[PDB]
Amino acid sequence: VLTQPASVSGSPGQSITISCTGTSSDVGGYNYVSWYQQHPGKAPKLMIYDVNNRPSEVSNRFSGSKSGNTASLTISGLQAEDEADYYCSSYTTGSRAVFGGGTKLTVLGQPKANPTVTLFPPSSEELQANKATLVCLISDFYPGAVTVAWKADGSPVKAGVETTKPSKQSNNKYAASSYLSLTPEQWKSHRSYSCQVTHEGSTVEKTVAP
């Protein structure tokens, strides 16, 4: 495994560099170093090959460098679209090949966005099957850290809570989900249930009632 930094960040317009350190059986014995860009849910795309050669579909903002057993990928005019995972590859002795661990490139200028909360109560079709589930859908938030708390009549609900890790949307904002599993008797006993979402100190509440 070739050694890359786990994370690298930068601001729009700035120039960031990702290192890739190998041995002399990979980076230092050959001039065959490839750089791949991978977006979530996509296959990797060739960005740089043969150390410095660049394919025609890659902006000239992408350059390659080699210094001994260390290789380098430079990205010059940082755009939000450059946020992805970057992998270095090398040809290794024995007609073999080796990939790196990955670098997560982060563009650090995104604007704070507040979450929209949508709370759905249990459906009649589900209460008929002797089941109850409340659904909290949190959308359009940045940065990607939230806290979810459930309350039944103001009292903190402890069990039946299942929350997702925040995940990026198409708008580069984050989405999350919380599910509160209840029995129909708990659902029909309390006057109201609330899903509270805390993001960057601010809390947004939604309530449903049978």
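A residue's number is simply how far along the shown sequence it sits, counting from 1.
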Mean Cα B-factor check, 123-131 vs 79-87, entry values; winner is 123-131
Determine, for stretches 27-35 and 48-56, which one has the higher mean CA B-factor as deposited. 27-35
So if I compare the CA B-factors in the entry for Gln186, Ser202, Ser192, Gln196, which one is the largest? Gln186
Max C-alpha B-factor within the set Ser181, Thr147, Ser178, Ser67 falls on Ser67
What third of its chain, lowest, middle or highest, does the C-alpha temperature factor of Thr17 fall into? middle
Where does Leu105 sit by CA temperature factor within its chain: lowest, middle or highest third? lowest
Among the chain's modelled residues, which third holds the C-alpha B-factor of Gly154? highest
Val1's Cα B-factor: lowest, middle or highest third of the chain? highest
